[PDB]
Amino acid sequence: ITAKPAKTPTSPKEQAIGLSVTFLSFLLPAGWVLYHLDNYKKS
Amino acid sequence: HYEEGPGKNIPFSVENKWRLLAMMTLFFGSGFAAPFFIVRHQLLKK
Amino acid sequence: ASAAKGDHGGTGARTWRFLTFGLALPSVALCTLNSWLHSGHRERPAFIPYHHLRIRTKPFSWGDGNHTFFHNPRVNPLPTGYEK
Amino acid sequence: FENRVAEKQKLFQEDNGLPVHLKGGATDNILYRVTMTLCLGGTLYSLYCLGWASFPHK
Amino acid sequence: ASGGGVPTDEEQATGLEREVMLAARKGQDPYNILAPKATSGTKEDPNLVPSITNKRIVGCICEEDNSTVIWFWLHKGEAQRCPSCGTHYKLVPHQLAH
Amino acid sequence: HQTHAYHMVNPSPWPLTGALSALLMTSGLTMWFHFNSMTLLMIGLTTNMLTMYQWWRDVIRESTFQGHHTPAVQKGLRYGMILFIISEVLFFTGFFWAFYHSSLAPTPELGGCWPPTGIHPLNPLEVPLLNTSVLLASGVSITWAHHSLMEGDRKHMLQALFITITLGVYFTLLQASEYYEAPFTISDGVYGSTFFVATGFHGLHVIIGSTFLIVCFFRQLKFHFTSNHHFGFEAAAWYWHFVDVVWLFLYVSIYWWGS
Amino acid sequence: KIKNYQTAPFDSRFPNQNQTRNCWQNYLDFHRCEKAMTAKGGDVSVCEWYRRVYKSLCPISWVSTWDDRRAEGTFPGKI
Amino acid sequence: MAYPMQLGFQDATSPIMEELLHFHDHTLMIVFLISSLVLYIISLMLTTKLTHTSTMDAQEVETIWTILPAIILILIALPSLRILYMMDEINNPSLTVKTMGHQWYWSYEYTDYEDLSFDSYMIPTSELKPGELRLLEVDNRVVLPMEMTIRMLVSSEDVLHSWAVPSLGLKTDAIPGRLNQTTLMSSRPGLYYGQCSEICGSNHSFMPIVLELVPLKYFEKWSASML
Amino acid sequence: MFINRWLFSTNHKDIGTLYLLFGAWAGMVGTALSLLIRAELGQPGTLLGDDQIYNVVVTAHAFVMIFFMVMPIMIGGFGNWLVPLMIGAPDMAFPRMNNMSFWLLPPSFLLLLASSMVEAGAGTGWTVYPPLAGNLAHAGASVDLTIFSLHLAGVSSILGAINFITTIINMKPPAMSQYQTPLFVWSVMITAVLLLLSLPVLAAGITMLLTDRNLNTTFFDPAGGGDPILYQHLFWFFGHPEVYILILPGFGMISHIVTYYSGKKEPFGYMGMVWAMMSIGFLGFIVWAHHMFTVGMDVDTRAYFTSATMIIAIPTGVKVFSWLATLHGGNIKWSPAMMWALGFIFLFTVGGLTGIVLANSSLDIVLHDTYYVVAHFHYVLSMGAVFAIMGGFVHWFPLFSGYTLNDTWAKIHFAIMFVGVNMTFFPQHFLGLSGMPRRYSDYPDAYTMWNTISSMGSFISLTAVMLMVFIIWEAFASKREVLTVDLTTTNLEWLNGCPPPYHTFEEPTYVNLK
Ligand SMILES: CCCCCCCCCCCCCCCCCC(=O)OCC(COC(=O)CCCCCCCCCCCCCCCCC)OC(=O)CCCCCCCCCCCCCCCCC
Ligand SMILES: CCCCCCCCCCCCCCCCCC(=O)OCC(COC(=O)CCCCCCCCCCCCCCCCC)OC(=O)CCCCCCCCCCCCCCCCC
Ligand code: HEA
Ligand code: HEA
Ligand SMILES: CCCCC/C=C\C/C=C\C/C=C\C/C=C\CCCC(=O)O[C@H](COC(=O)CCCCCCCCCCCCCCCCC)COP(=O)(O)OCCN
Ligand SMILES: CCCCC/C=C\C/C=C\C/C=C\C/C=C\CCCC(=O)O[C@H](COC(=O)CCCCCCCCCCCCCCCCC)COP(=O)(O)OCCN
Ligand SMILES: CCCCCC/C=C\CCCCCCCCCC(=O)O[C@H](COC(=O)CCCCCCCCCCCCCCC)COP(=O)(O)OC[C@@H](O)CO
Ligand SMILES: CCCCCC/C=C\CCCCCCCCCC(=O)O[C@H](COC(=O)CCCCCCCCCCCCCCC)COP(=O)(O)OC[C@@H](O)CO
Ligand SMILES: CCCCCC/C=C\CCCCCCCCCC(=O)O[C@H](COC(=O)CCCCCCCCCCCCCCC)COP(=O)(O)OC[C@@H](O)CO
Ligand SMILES: CCCCCCCCCCO[C@@H]1OC(CO)[C@@H](O[C@H]2O[C@@H](CO)[C@@H](O)[C@H](O)[C@@H]2O)[C@H](O)[C@H]1O
Ligand SMILES: C[C@H](CCC(=O)O)[C@H]1CC[C@@H]2[C@H]3[C@H](O)C[C@@H]4C[C@@H](O)CC[C@]4(C)[C@@H]3C[C@@H](O)[C@@]21C
Ligand SMILES: C[C@H](CCC(=O)O)[C@H]1CC[C@H]2[C@@H]3[C@H](O)C[C@@H]4C[C@H](O)CC[C@]4(C)[C@H]3C[C@H](O)[C@]12C
Ligand SMILES: C[C@H](CCC(=O)O)[C@H]1CC[C@H]2[C@@H]3[C@H](O)C[C@@H]4C[C@H](O)CC[C@]4(C)[C@H]3C[C@H](O)[C@]12C
Ligand code: CUA
Ligand SMILES: [Cu+2]
Ligand SMILES: [Mg+2]
Ligand code: NA
Ligand SMILES: [Zn+2]
């Protein structure tokens, strides 16, 4: 498949930001719940 | 009638890659987080 | 089978109307005669609290939770027996 | 009765750009709004009910 | 025993249903209900492909019973050949609706 | 302009209101069964009736009034209805499987026999036989109605169709009375369970089928059908025959062999 | 007499994994025999085999429930 | 029981379990052979610059890849079915023991002669004696005589459970209102473990089975003493 | 305009898009649930609580992955997008009913989430067997909300099946016979036929569970003369066809992907592929009791189900060898989609083979309800179905969006997922052979090593899922518009450009009858 160059190029810095934000969106909420597991188990 | 072409045949906007990142983060993040919060809900009832 | 009649030279509206009034409705009239003859309320059987009948694992979502949907006092006993 | 299908065909083929579910007239609009209001309202109510049933009333 | 009172398609069919019905009566197929019969497909006797625009997708079943259909856009102008078997097709544009 | 014969349907709100009505009915049943309230259920049944009314009204508008039902569109609707009926047959098959499973190997709790100890089955030669003649008769009258329509006979089409509907209603009334008179209930073990759930779903289909026929009766009164294009009536008739065949299986299996 | 029983032997009438009817049949048989003997003026010792078999096969709670029901008059089996 | 880092089946305690081990070795060889053959062929197809993209004829090579697998299936089915029928063979037991599944423990009944019955619960982890296995020990074991054909009848008094003892090749579902039969025969004395094998609620993971196989003489004294 | 387009749609592409979005979201939920499962089993002891909360998680994981992720993506997503394009049809036969099939899913999903919110959830296993699922052992609304969720998903799929079958039979060009349609179209029709016949039986069965729970019927209650085993028969009569429903569209996409990246104009042995899918579809209805080998059935019945089950290996084998034969002599393009397809071929074969081990009722006595079964089905589902979905997604993403993905990132995503799934499931074979039961929140100490390694592998898979989200974002963020696509002469779905216009085939294709 051939394609044209990116209309709005995503630089390495921009990709690090998107990857970091993506990983954090998954890891933070679950991490919070898992961390407070004991506080939940008996309360 | 409707808009056609790349980035126009979808229910979400891709005009701004950062606003898009926020949307995708909420979309996929809410899905992944739901089970953890339901588990938390079940633990905090009894 | 082939029934005991005949036509078949061309089954059309006239033939099906012939069958409706000459066979179908008369059959319904006969069964209606037979039924509204052999009816008559049969003497309800003695009540025996069998454990496989009058099941109640959860109360019904209507009335007092103990009566079936189309409960007939005359013929349907409650788990404790016929009603007053 | 008399055959009035042609009258109905004229009404529904009238080039007014209306989608078929609203092309009959003002009543279609009313019926639609009633339907959608009961649907959306009833859904909000079901969400409320779920919120209620989600918690123990000891 | 008998009588009337039920409309016929001739009296009551409308819209596209009526168009297909009347076209079929004149032996025409404006709504592509039938499969076109192939010509010899040579340079001199190409398959004539009707179209209401200046290009139409052609699907060529090269040999009878082939499971693979060869697809390509046929453009207005000089006849084009199937990429697989070489049979000729030529677009014959417009009209349908008078 | 399109140059094919298929129907591109106008964007519609009915699929959404239909889906939401399903949520309201199931949520409603749950509320009723566990939180003693029928409010949600009432709303669900209402929006569901509204959705069906408008959706099918639009199908009539699209066909009878706008002419979108070309032969190709009609052919698709034929396959659709046949497929729908097949899925209904399989649904009933599950209930017949349950019936035969229980009745062919009666467990000790029933007395190890069928019908179970304490169960006094209805006489299949009484109302159940009458019900059988009623549905079979309606199968003949609906065939008369079909032929009358094809032959362009308005009066006799209406007459035959009216007779078919009256018979469906008669069956429904007879069944309702049989339910009330039955000495056994849905709570009387697996006998009452299989009996009422199977005949109950069948009765529901009879009501649906009768309603479909009534729709046809009124569409006919309004001259919607031509002697050659009347799929709504054909579908109603196929569905009606299905309802008839399911009954014959219920009669032979549950009322007769299972007594 | 003719006994010296270890456990219920293979019964060709119930050769499969589901043994529910084997237990049930022998329970019925014992109580039918016991009723015949106690009735016509005879001895229940002839009913012994059935008693041993059903006792060996039947879950205690089943026998217990069936006994309670025969007493209550709600036993669905024919005896 | 299973030991740390175990790869295959627990060692066979009964002749039937030995039979299954050999049948599994037989089948696993076929599984290894076919899966590696497929992996190999994938790599073969992907490792050449030579090409042939024109139409390839199929009605010739399809015979091979229809007949071969058919033959292989038969080579698996034969010993499979032989073992299946062997497990169904009439054997005539010397003893009949019943086990009832319950929401979270098993009860046993030895009612051939005396009316002996008891409950069997998992030993809580906090109460395990040194050297005892977590989640596997029970207060009252199922003492049974070794080298003897025993008939086990399985049922349940509430939800479904499943009575299993891997080392003996046993697993019989415990269904309320049903009496399932299986036969047990240990070639050796010892302790043999199993666990409830049908989801039954809150403590499904904690209602183990422990069989204690001893000589007939000890089984009899134990029976008397357990009255 | 937004509401008219996205809530009132009658367009097959837009509806397919809604399905892909729904399925992607469901996949996130299903992944989270699978992590909760593996976190609980990651080390000896109890993490969350007892088997109830644990099994509510296991049950939901299964329902979500099957009904909300796999089916919606494969059938509703790829099916709606590709089927009309592949036969040159202007849309589906019933474009409005098609929209209801979609809109029934969110409500269905809401009922599933509701069931886990109220009471103590439904910790029954996705099979929902009574008496555990009955009103005594699972009192309260949970199980009833689960049944209703299944009802809605069932109606959605049944109407979807009617739509697909009608569209495929009735809307092809007049000259195109059924033996001239692409293999993906064939896979979808066969899948639709299985859905049409199997779901009504499940509906019958769960309705009987609902009445036993609420109307005092006793279909499955011995006290009223019922039988718990009857439920199992009705469920599995649907259940086995269901697993073939989950893999068939996958087989279809694999045929297209392998053919495409082998630089071939057609798959090897087309008629043999059609024959194989139809045989598989047929055989899939007469083998259900292999899910009941320990319930106490007659030996002859067990001998039959063992034999009938094995036969499926023959037609499935013809497909595997035909895919390899399609690769043969090809100008191989090592694209990310081809990698997913190659992994599919091998891993599905492994899972299929362990299924043949399980077909033997003798051996199944010892393997049933153990992790050997879990290993088998995750190889065919988490590696088979999922790899076909990933392959199809990367392959067709440019068609659906008009943008290209970054191939290097997509190859990285495949590598991570490959290691993750194999580390997660391979050790489960050992746990199964050695006796670890299914649906356990904790296990005897001897099982610690393999459970530890398996849970670590599940975290590797989580990393791949997060990366996937980023990859999709990068594609939409960079906006590299597609220009040219090769092999359009044998891949009609690409002939109208990327993305194709809202309305395609307004003027149908021209195909001579000759
Ligand atoms: C649940 C939704 C999350 C909310 C987040 C949205 C916030 C809106 C702010 C609002 C701010 C205004 C901004 C407006 C424009 C852009 C945002 C958008 O329009 O807003 C909404 C749009 C767009 O969606 C988004 O917003 C971003 C999605 C980005 C997706 C990228 C997907 C990449 C994968 C490729 C897919 C195929 C495309 C490729 C091919 C290209 C297509 C041809 O959606 C839809 O209108 C339809 C989707 C319906 C259903 C999908 C799954 C839902 C399941 C729910 C069941 C719950 C049960 C209970 C569950 C209850 C929880 C406990
Ligand atoms: C991560 C797990 C770590 C486990 C380490 C094992 C420790 C050994 C102690 C070393 C200690 C040695 C002493 C132990 C002997 C006891 C033998 C026995 O009685 O117990 C018998 C058991 C034990 O199994 C064995 O007799 C060992 C076989 C090991 C095969 C390993 C393949 C590893 C591939 C690498 C990544 C996995 C994913 C690949 C996918 C393969 C799919 C199965 O048999 C089984 O049922 C397990 C396997 C079941 C099903 C898989 C069938 C398909 C295999 C496909 C092969 C592809 C090869 C291509 C090459 C693969 C290229 C990808
Ligand atoms: C995508 C889903 C999927 C698919 C396609 C399959 C396919 C198969 N399954 Fe599996 N299965 C499941 C999903 C799937 N399964 C699930 C979810 C369960 C558990 C349900 C639960 O309890 O929750 C399960 C359970 C399960 C059991 C029950 C085990 C138990 O509970 O004790 C059995 C029993 O026989 C089985 C068998 C098979 C077989 C023989 C195939 C066959 O179709 C495989 C055929 C393929 C091959 C054999 C490989 C390719 C062939 C060759 C390379 C040719 C040469 C081969 C030979 C000569 C052998 N499966
Ligand atoms: C399609 C079905 C499916 C899938 C994919 C999976 C995936 C996974 N499952 Fe599975 N699982 C089941 C179906 C599935 N499972 C079923 C049926 C059961 C039995 C339930 C019962 O016993 O009742 C079960 C049971 C089960 C158990 C046994 C529980 C027990 O017995 O106690 C375990 C244990 O490890 C487990 C783990 C996992 C893990 C770690 C994954 C991981 O591999 C998951 C990794 C993430 C993905 C592969 C999802 C990616 C896909 C998307 C996110 C879509 C992306 C979007 C687009 C491309 C548009 N599962
Ligand atoms: C008159 C003949 C026509 C039959 C139907 C007419 C009226 C009843 C209302 C709805 C029936 C629709 C379907 C059948 C569902 C359950 C069986 C009902 C059959 C019936 O009507 O059975 C009655 C029981 O009523 C009961 O519980 C009824 C209680 C009503 C509760 C309805 C509960 C609905 C459960 C719905 C689940 C629907 C799932 C459908 C899934 C479809 C596929 C997804 C019998 O009465 P009884 O007093 O026990 O015995 C008579 C003694 N004199
Ligand atoms: C509690 C029950 C309620 C449920 C009832 C269910 C359905 C019934 C509802 C309505 C049915 C009755 C009439 C319908 C309405 C209008 C009919 C008028 C048409 C008419 O009079 O038709 C005539 C037929 O006779 C006719 O009706 C005759 C019709 C009557 C037939 C049945 C009577 C039976 C008589 C006894 C015979 C039994 C002997 C058995 C013989 C063996 C059978 C093989 C023929 O005439 P024409 O000159 O060719 O036609 C000119 C155009 N109209
Ligand atoms: C028709 C196809 C070709 C025929 C080949 C065989 C395949 C199906 C056969 C269908 C009819 C079989 C009926 C014969 C009855 C004999 C078996 C019997 O007697 O089985 C009974 C139940 O059968 C039952 O409901 C049986 C009820 C149905 C179960 C079979 C499932 C198929 C049904 C769906 C098919 C869809 C087709 C659509 C129809 C229009 C009871 O259970 P047992 O196990 O006996 O328990 C006895 C124990 O106490 C001791 O062990
Ligand atoms: C008090 C009772 C309430 C109970 C709830 C259900 C209530 C009623 C269900 C009855 C359904 C009535 C259906 C009305 C359909 C009218 C639209 C119609 O019939 O539309 C026709 C097309 O068929 C079409 O789509 C055919 C459409 C097929 C619909 C049939 C489906 C039945 C629905 C069953 C739903 C429940 C399932 C069972 C539960 C377990 C229009 O084409 P023609 O007739 O050729 O006209 C054109 C000519 O005029 C040209 O000259
Ligand atoms: C309470 C417990 C669970 C409750 C679940 C309730 C779920 C949904 C309830 C609300 C749905 C009702 C709304 C009416 C649906 C009518 C669909 C219909 O009639 O669809 C038709 C197609 O199906 C055809 O014909 C033939 C097929 C007709 C199907 C009729 C739809 C009935 C829905 C219920 C089906 C149940 C499944 C049965 C198996 C057990 C028409 O297709 P369209 O795309 O519209 O138009 C195409 C145009 O060319 C027509 O001019
Ligand atoms: C299976 C899916 C999950 C995979 C594992 C998740 C990967 C780790 C994600 C990190 O997330 C967090 O980490 C914390 C600690 O590192 C928390 O802080 C917490 O802990 C603290 C530091 O000890 C405090 O500063 C705050 O009060 C606090 O809530 C926290 O809330 C949570 O967001
Ligand atoms: C009015 C109409 C004649 C045709 C027309 O509309 O012009 C007549 C002809 C046949 C119909 C009738 C049929 O004879 C069948 C029915 C018989 C009657 O006992 C009651 C009304 C009955 C339900 C019908 C009412 C009547 O008004 C109809 C509808
Ligand atoms: C006859 C039919 C279609 C041929 C065609 O019209 O092109 C072909 C397609 C697939 C063929 C089958 C498959 O190739 C699988 C089998 C292969 C063996 O070589 C013979 C029987 C076998 C079962 C084949 C019989 C027959 O030749 C089939 C069924
Ligand atoms: C499993 C099902 C019964 C389900 C139920 O108990 O409700 C029964 C009904 C009929 C049985 C089949 C028929 O009796 C015919 C066959 C008889 C053979 O002895 C075994 C296979 C055989 C093909 C049977 C397999 C299985 O036991 C079937 C399919
Ligand atoms: Cu008892 Cu699991
Ligand atoms: Cu299966
Ligand atoms: Mg099990
Ligand atoms: Na744990
Ligand atoms: Zn050609």
# chains A, B, ... in the order shown; residues from 1 in each chain; ligands from 1
$ residues_near_ligand --ligand "ligand 5" --cutoff "6 Å" --atoms "only C-alpha atoms and all ligand atoms" --output "ChimeraX atom specification"
/C:68-72 /F:175-176,179-186,196-197,200-201,203-204 /I:151,203,207,215
$ write_last_selection --atoms "C-alpha atoms" --output "PDB file, in the first residue's frame"
ATOM      1  CA  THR C  68     -51.281 -18.901  40.703  1.00  0.00           C
ATOM      2  CA  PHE C  69     -52.096 -16.496  37.884  1.00  0.00           C
ATOM      3  CA  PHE C  70     -55.365 -18.094  36.791  1.00  0.00           C
ATOM      4  CA  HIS C  71     -56.205 -19.532  40.195  1.00  0.00           C
ATOM      5  CA  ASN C  72     -59.614 -21.220  40.292  1.00  0.00           C
TER       6      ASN C  72
ATOM      7  CA  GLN F 175     -57.758 -21.547  25.684  1.00  0.00           C
ATOM      8  CA  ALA F 176     -58.282 -18.790  28.264  1.00  0.00           C
ATOM      9  CA  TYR F 179     -56.514 -22.259  31.645  1.00  0.00           C
ATOM     10  CA  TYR F 180     -59.011 -21.096  34.236  1.00  0.00           C
ATOM     11  CA  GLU F 181     -60.745 -24.503  34.418  1.00  0.00           C
ATOM     12  CA  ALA F 182     -57.573 -26.640  34.578  1.00  0.00           C
ATOM     13  CA  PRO F 183     -57.220 -28.428  37.958  1.00  0.00           C
ATOM     14  CA  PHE F 184     -53.414 -28.178  37.625  1.00  0.00           C
ATOM     15  CA  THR F 185     -51.276 -25.005  37.615  1.00  0.00           C
ATOM     16  CA  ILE F 186     -47.893 -23.817  36.355  1.00  0.00           C
ATOM     17  CA  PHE F 196     -48.308 -23.905  30.578  1.00  0.00           C
ATOM     18  CA  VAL F 197     -45.038 -22.565  29.246  1.00  0.00           C
ATOM     19  CA  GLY F 200     -48.596 -20.304  26.836  1.00  0.00           C
ATOM     20  CA  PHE F 201     -45.947 -19.278  24.287  1.00  0.00           C
ATOM     21  CA  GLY F 203     -51.123 -18.825  22.793  1.00  0.00           C
ATOM     22  CA  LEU F 204     -48.983 -15.724  22.633  1.00  0.00           C
TER      23      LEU F 204
ATOM     24  CA  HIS I 151     -31.986 -12.385  25.665  1.00  0.00           C
ATOM     25  CA  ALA I 203     -33.419 -18.606  24.535  1.00  0.00           C
ATOM     26  CA  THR I 207     -36.377 -18.651  29.698  1.00  0.00           C
ATOM     27  CA  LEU I 215     -42.798 -18.415  38.335  1.00  0.00           C
TER      28      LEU I 215
END
$ interface_residues --of "chain A" --to "chain B" --cutoff "7 Å" --atoms "only C-alpha atoms" --output "VMD selection string"
chain A and resid 18 22 25 to 26 29 to 30 33 40 to 41 43
$ residues_around --residues "residue 4 in chain D" --least-positions-apart "2" --cutoff "10 Å" --atoms "only C-alpha atoms" --output "JSON, numbers by chain"
{"D": [1, 2, 6, 7, 8, 9], "F": [222, 223, 224]}
$ write_last_selection --atoms "N, CA, C and O atoms" --output "PDB file, in the first residue's frame"
ATOM      1  N   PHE D   1     -66.658   1.616   1.501  1.00  0.00           N
ATOM      2  CA  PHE D   1     -65.350   2.328   1.401  1.00  0.00           C
ATOM      3  C   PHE D   1     -64.963   2.595  -0.060  1.00  0.00           C
ATOM      4  O   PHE D   1     -65.412   1.888  -0.976  1.00  0.00           O
ATOM      5  N   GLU D   2     -64.139   3.626  -0.258  1.00  0.00           N
ATOM      6  CA  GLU D   2     -63.616   4.004  -1.576  1.00  0.00           C
ATOM      7  C   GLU D   2     -62.080   3.955  -1.553  1.00  0.00           C
ATOM      8  O   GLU D   2     -61.450   4.143  -0.509  1.00  0.00           O
ATOM      9  N   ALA D   6     -54.349   6.537  -4.033  1.00  0.00           N
ATOM     10  CA  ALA D   6     -53.720   7.543  -4.886  1.00  0.00           C
ATOM     11  C   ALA D   6     -53.506   8.843  -4.135  1.00  0.00           C
ATOM     12  O   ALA D   6     -52.493   9.505  -4.346  1.00  0.00           O
ATOM     13  N   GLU D   7     -54.437   9.201  -3.245  1.00  0.00           N
ATOM     14  CA  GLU D   7     -54.295  10.429  -2.458  1.00  0.00           C
ATOM     15  C   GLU D   7     -53.102  10.277  -1.543  1.00  0.00           C
ATOM     16  O   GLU D   7     -52.320  11.200  -1.380  1.00  0.00           O
ATOM     17  N   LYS D   8     -52.991   9.105  -0.922  1.00  0.00           N
ATOM     18  CA  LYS D   8     -51.901   8.800  -0.003  1.00  0.00           C
ATOM     19  C   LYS D   8     -50.556   8.727  -0.712  1.00  0.00           C
ATOM     20  O   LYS D   8     -49.526   9.108  -0.148  1.00  0.00           O
ATOM     21  N   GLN D   9     -50.566   8.228  -1.948  1.00  0.00           N
ATOM     22  CA  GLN D   9     -49.337   8.137  -2.740  1.00  0.00           C
ATOM     23  C   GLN D   9     -48.840   9.552  -3.069  1.00  0.00           C
ATOM     24  O   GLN D   9     -47.638   9.820  -3.040  1.00  0.00           O
TER      25      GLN D   9
ATOM     26  N   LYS F 222     -58.822  -0.828   3.152  1.00  0.00           N
ATOM     27  CA  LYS F 222     -58.310   0.407   2.577  1.00  0.00           C
ATOM     28  C   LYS F 222     -57.695   0.260   1.190  1.00  0.00           C
ATOM     29  O   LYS F 222     -57.046   1.185   0.695  1.00  0.00           O
ATOM     30  N   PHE F 223     -57.913  -0.898   0.565  1.00  0.00           N
ATOM     31  CA  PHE F 223     -57.422  -1.203  -0.779  1.00  0.00           C
ATOM     32  C   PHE F 223     -55.903  -1.224  -0.981  1.00  0.00           C
ATOM     33  O   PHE F 223     -55.422  -1.041  -2.106  1.00  0.00           O
ATOM     34  N   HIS F 224     -55.142  -1.493   0.076  1.00  0.00           N
ATOM     35  CA  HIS F 224     -53.682  -1.519  -0.039  1.00  0.00           C
ATOM     36  C   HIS F 224     -53.149  -2.609  -0.945  1.00  0.00           C
ATOM     37  O   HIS F 224     -52.196  -2.396  -1.693  1.00  0.00           O
TER      38      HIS F 224
END
$ residues_near_ligand --ligand "ligand 2" --cutoff "9 Å" --atoms "only C-alpha atoms and all ligand atoms" --output "PyMOL selection string"
(chain H and resi 5-10+21+24-25+28-29+31-36+39-40) or (chain I and resi 346-347+349-351+353-354+372+375-376+379+418-419+421-430+432-433+450+453-454+457)
$ interface_residues --of "chain G" --to "chain H" --cutoff "8 Å" --atoms "only C-alpha atoms" --output "PyMOL selection string"
chain G and resi 6-10+16-20+52+55-57+59-60
$ closest_atom_pairs --of "chain I" --to "chain C" --cutoff "6 Å" --atoms "only C-alpha atoms" --output "JSON lines"
{"residue": "I:216", "atom": "CA", "partner": "C:56", "partner_atom": "CA", "distance": 5.8}
{"residue": "I:223", "atom": "CA", "partner": "C:52", "partner_atom": "CA", "distance": 5.5}
{"residue": "I:224", "atom": "CA", "partner": "C:52", "partner_atom": "CA", "distance": 4.3}
$ residues_near_ligand --ligand "ligand 7" --cutoff "8 Å" --atoms "only C-alpha atoms and all ligand atoms" --output "PyMOL selection string"
(chain F and resi 89-90+93-94+96-105+107) or (chain G and resi 14+16-21) or (chain I and resi 197+237+286+297-298)
$ residues_near_ligand --ligand "ligand 9" --cutoff "6 Å" --atoms "only C-alpha atoms and all ligand atoms" --output "PyMOL selection string"
(chain F and resi 7+18-19+22+25-26+48+51-52+55+59+62-63+77+80-81+84+87-88+91) or (chain I and resi 94-97+151-152+155+200)
$ atom_distance --atom1 "atom 21 (C, counted along the ligand's line) of ligand 3" --atom2 "CA of residue 34 in chain I"
15.7 Å
$ select_by_dssp --residues "chain D" --states "alpha helix (DSSP H)" --output "ChimeraX atom specification"
/D:5-13,26-53
$ residues_around --residues "residue 195 in chain H" --least-positions-apart "6" --cutoff "12 Å" --atoms "only C-alpha atoms" --output "ChimeraX atom specification"
/H:1-2,101,104-106,121-122,135-138,161-167,170-173,203-211 /I:366,369-370,435-440,442-444
$ residues_near_ligand --ligand "ligand 17" --cutoff "9 Å" --atoms "only C-alpha atoms and all ligand atoms" --output "PyMOL selection string"
chain I and resi 37-50+440-443
$ residues_near_ligand --ligand "ligand 15" --cutoff "9 Å" --atoms "only C-alpha atoms and all ligand atoms" --output "list in words"
residues 236, 237, 239, 240, 241, 242, 243, 244, 284, 287, 288, 289, 290, 291, 309, 355 and 359 of chain I
$ closest_atom_pairs --of "chain A" --to "ligand 10" --cutoff "7 Å" --atoms "only C-alpha atoms and all ligand atoms" --output "tab-separated table"
residue	atom	partner	partner_atom_place_in_ligand_line	distance
A:27	CA	ligand 10	9 (C)	4.5
A:28	CA	ligand 10	33 (O)	3.9
A:29	CA	ligand 10	33 (O)	5.7
A:30	CA	ligand 10	3 (C)	4.8
A:31	CA	ligand 10	11 (O)	3.8
A:32	CA	ligand 10	31 (O)	3.8
A:35	CA	ligand 10	17 (C)	6.3
